[PDB]
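Protein chains in written order, with the UniProt record's numbering: chain A, 227 to 301; chain B, 1 to 97; chain C, 1 to 97; chain D, 1 to 97; chain E, 1 to 97; chain F, 1 to 97; chain G, 1 to 97; chain H, 1 to 97.
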Amino acid sequence: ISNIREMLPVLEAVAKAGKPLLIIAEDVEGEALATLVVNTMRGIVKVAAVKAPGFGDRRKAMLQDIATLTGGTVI
Amino acid sequence: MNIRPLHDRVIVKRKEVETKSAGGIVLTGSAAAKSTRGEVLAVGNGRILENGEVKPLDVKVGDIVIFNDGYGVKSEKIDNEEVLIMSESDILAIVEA
Amino acid sequence: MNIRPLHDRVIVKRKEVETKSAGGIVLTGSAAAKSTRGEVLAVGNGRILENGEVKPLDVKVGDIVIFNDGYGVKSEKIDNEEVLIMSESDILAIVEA
Amino acid sequence: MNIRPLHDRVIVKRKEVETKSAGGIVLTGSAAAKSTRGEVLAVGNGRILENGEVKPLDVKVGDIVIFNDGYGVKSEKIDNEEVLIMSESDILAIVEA
Amino acid sequence: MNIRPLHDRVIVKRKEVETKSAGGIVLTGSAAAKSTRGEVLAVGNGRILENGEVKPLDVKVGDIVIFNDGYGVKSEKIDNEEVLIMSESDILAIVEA
Amino acid sequence: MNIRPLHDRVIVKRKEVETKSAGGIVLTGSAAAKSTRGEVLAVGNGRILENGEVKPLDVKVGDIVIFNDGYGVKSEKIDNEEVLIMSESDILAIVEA
Amino acid sequence: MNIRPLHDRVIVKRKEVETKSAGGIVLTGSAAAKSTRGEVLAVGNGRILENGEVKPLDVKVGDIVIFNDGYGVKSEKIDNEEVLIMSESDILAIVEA
Amino acid sequence: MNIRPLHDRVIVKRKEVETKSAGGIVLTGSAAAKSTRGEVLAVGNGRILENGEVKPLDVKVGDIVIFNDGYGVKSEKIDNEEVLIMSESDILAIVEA
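Laid out in structure tokens, this is it:
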């Protein structure tokens with residue numbers, strides 16, 4: 227991730243649900259990361275950003291593991 | 001000192017730089033961008049082209065307008081207020097109701 | 001707030017980005033492309049050029065049109081809806097029946 | 001859905017890509033090239049320029065025409081058929097008899 | 001199939017590539033060049049510009065003409081014969097007597 | 001020697017280079033910039049274009065005007081005074097009252 | 001074969017390449033340059049532009065003229081004589097008496 | 001041989017290259033520059049554009065004029081005298097009294 231654009235749709239549904247959100251991406255940078263700060267700093271949403279566990283083909287493997295334990299889909 | 005545009009020229013003032021709300025409740029932090037909306041403050045007579053008199057412009061003083069921030073768009077300082085000067089050609093639409 | 005285009009300008013909204021069906025039954029996954037089709041929402045008076053009055057445009061509000069996504073094509077946000085503003089020149093055809 | 005070109009626009013469909021026979025009996029294998037010939041399917045009213053009404057085009061629906069595959073030439077998909085949209089300016093001649 | 005140029009267009013066929021005799025008796029071997037001379041085969045109605053009718057061209061079918069091999073000059077294949085299509089603007093003179 | 005502009009041309013003299021006060025009481029030291037304001041000294045007849053006579057300019061000798069320091073703007077020396085020569089097109093507005 | 005220029009076109013032949021005498025008695029050896037002077041041999045009808053008939057050119061067959069060796073200037077071979085073809089626009093003056 | 005400009009063309013001769021006195025008593029040594037002032041020697045009929053006859057130029061033979069040394073400005077040698085040829089468009093003003 228690098229752009230706040232892709233977030234808006236989902237970030238919105240989380241904003242009107244109350245519950246916080248963890249974001250495990252390949253990476254989060256640019257203004258995307260920068261904005262995410264100002265959003266929790268204010269109390270609009272509670273959102274965390276951490277890189278993915280691993281490197282190369284192992285990463286997507288391990289990332290999938292996390293989806294199973296939490297009942298989510300790897301985008 | 002209030003301004004006086006020179007026929008075909010429109011004087012507008014920009015609105016809010018990415019009003020922090022886009023996409024609903026989300027506070028879109030400044031993602032490197034500007035605003036394309038503005039308000040009319042003064043209007044010239046009209047275009048001279050084609051010889052025949054001068055046809056008036058289709059913008060009245062005080063419309064909320066959408067414009068293209070092209071090359072013909074210049075920036076100025078009046079009484080310490082941020083203003084813009086362009087031609088009608090650079091204006092694209094109006095926000096009514 | 002509904003929009004109001006400034007003569008010769010047409011306001012359109014894009015259709016579906018590569019509607020997943022091209023070539024028959026095959027689901028063409030997003031292959032890096034966009035849509036060239038759109039619907040008319042609002043129409044200006046017409047072109048001013050040549051002095052003589054203002055000739056009306058050949059597009060009525062609500063046609064399904066094919067356009068060229070050229071340079072003169074700009075993108076805007078109205079009530080949080082994805083819209084486009086271009087001139088009649090950038091419109092190429094209509095899809096009738 | 002049949003198409004409807006927007007004045008001055010012509011809708012044509014390309015012919016055969018280097019019909020394998022050039023130079024007599026020789027089967028010229030695809031040597032990296034295209035076809036410049038096409039058939040008319042639909043025609044707009046005409047050019048608006050100069051104000052004065054709209055002069056009709058010199059091409060009737062169904063001519064075999066030679067055109068220049070320039071920049072103004074765009075490609076489209078109608079009912080899954082390969083079609084082209086350009087202006088009369090891009091058309092150079094007709095093949096009669 | 002004989003051709004039919006589309007107003008303002010002229011169809012010509014090139015002459016001899018550096019006719020081997022330049023400078024007198026000397027046989028100038030192909031020194032990397034082409035021919036600028038050609039013969040008229042077919043002529044369109046004329047230029048449409050300025051609205052007012054269509055003014056005829058100043059070239060009759062069958063003149064020996066000198067032209068500029070510019071950009072507007074295109075090349076085509078008719079019955080397997082090497083032909084050229086350009087506008088009157090690209091034609092510079094006639095060789096009479 | 002006083003000057004005499006050649007129709008459509010306007011002769012102006014620049015004002016103060018970033019008058020040291022911008023933003024209120026603060027003395028903005030020369031931050032690498034110039035002045036866009038000027039005073040009219042002499043005015044030509046008007047534009048010749050379109051044949052029909054010569055339409056007069058909309059600027060009287062002695063207005064305080066805002067202009068664009070574009071390319072068409074040239075600089076000159078008269079009696080050792082710093083002057084500018086441009087066309088009306090390069091003038092954007094007037095400061096009245 | 002004598003030539004026949006196609007309206008607005010002028011046929012001229014260059015004069016002497018830096019006639020060896022410039023500056024008085026001094027024989028200026030070829031310092032890499034050409035000649036800008038020429039003689040008229042044939043003249044077309046005139047410019048077609050603006051529709052209205054065809055206005056004749058201001059050059060009679062046989063004037064000594066100064067021209068600009070611009071892009072529109074082309075070179076040709078007639079009876080093995082070095083000739084030039086350009087439009088009236090590229091001609092700047094005449095040498096009379 | 002005195003010259004004869006071809007309508008819309010003006011023949012001028014430059015004045016003094018940075019007349020050594022600028023700024024008062026100081027002898028400004030050649031600081032790499034030229035002169036923008038000149039004297040009229042010969043004037044053509046006028047511009048042909050717009051069809052309608054030929055409108056005369058606003059410069060009489062013998063004015064002291066300020067011009068722009070643009071691209072359209074060419075240099076020539078007459079009787080071994082340094083002269084310039086440009087159009088009226090390149091002339092900006094006159095020095096009267």
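Note that beta-carbon positions come from the ideal geometry of N, C-alpha and C, so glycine has one too.
Reducing DSSP to helix, strand and coil, say where residue i ends up.
i	result
residue 233(A)	coil
residue 263(A)	helix
residue 239(A)	helix
residue 20(B)	coil
residue 274(A)	strand
residue 13(D)	strand
residue 86(C)	strand
residue 248(A)	strand
residue 227(A)	coil
residue 64(D)	strand
residue 255(A)	coil
residue 296(A)	helix
residue 69(C)	coil
So, for residue i: in the same chain, excluding its five sequence neighbours on each side, which residues have a beta-carbon less than 8 Å away from its beta-carbon?
i	result
residue 29(E)	20
residue 31(B)	18
residue 293(A)	299, 300
residue 13(H)	38, 39, 41, 81, 82, 83, 84
residue 77(F)	83
residue 54(E)	7, 45, 46, 47, 48
residue 252(A)	227, 277, 278, 285
residue 5(B)	11, 42, 43, 44, 85
residue 51(F)	none
Using a C-beta to C-beta distance shorter than 9 Å, which residues of chain B count as neighbours of residue i?
i	result
residue 13(C)	The premise fails here: residue 13(C) is roughly 14 Å from chain B at the closest Cβ pair, so nothing lies under 9 Å.
residue 23(F)	80
Run down chain E in chain order and give the residues with a C-beta less than 8 Å from the C-beta of residue i.
i	result
residue 85(G)	66, 92, 93
residue 39(G)	Result: empty, since nearest Cβ-Cβ is about 17 Å, beyond 8 Å.
Starting from the beta carbon of residue i, find every residue of chain E whose beta carbon is closer than 9 Å, and list them in chain order.
i	result
residue 20(D)	The premise fails here: residue 20(D) is roughly 14 Å from chain E at the closest Cβ pair, so nothing lies under 9 Å.
Residue i touches chain F at which residues, Cβ-Cβ below 8 Å?
i	result
residue 52(H)	51
Using the beta-carbon of each residue, which ones in chain B are nearer than 8 Å to residue i?
i	result
residue 257(A)	29, 30, 31, 32
Mind listing the chain H neighbours of residue i? Cutoff is C-beta to C-beta under 9 Å, in chain order.
i	result
residue 5(F)	92, 93, 94
With which residues is residue i paired in a DSSP beta bridge?
i	result
residue 97(G)	Residue 97(G) is not bridged to any residue.
residue 78(E)	81(E)
residue 123(G)	Nothing can be reported for residue 123(G), as the shown portion of chain G is limited to 1 through 97.
Can you list the residues of chain A that residue i reaches, using a CB-CB cut of under 9 Å?
i	result
residue 26(B)	230, 233, 234, 237, 238, 241, 261, 265, 270, 271
Strictly below 7 Å CB to CB, what residues from chain F border residue i?
i	result
residue 97(H)	1, 2
So which residues on chain H does residue i lean against when the C-beta distance must stay under 7 Å?
i	result
residue 58(G)	6, 7
List, in chain order, every chain D residue whose beta-carbon is nearer than 9 Å to that of residue i.
i	result
residue 76(E)	36, 66, 92, 93
Can you name, in chain order, every residue of its own chain whose Cβ lies under 7 Å from the Cβ of residue i, other than the five neighbours on each side?
i	result
residue 280(A)	288
residue 22(E)	28
residue 36(E)	66, 67, 69
With a threshold of 6 Å on Cβ separation, who are the neighbours of residue i within its own chain once the five nearest residues in sequence on each side are excluded?
i	result
residue 93(E)	66
residue 56(H)	46
residue 96(F)	none
residue 63(B)	40, 94
residue 74(H)	85
residue 109(D)	Summary: the structure shown does not reach residue 109(D), with chain D confined to residues 1 through 97, and so no result is reported for it.
Length-filtered (4 minimum) alpha helix (DSSP H) runs lying within the segment 24-61 of chain F: You should have found no qualifying run.
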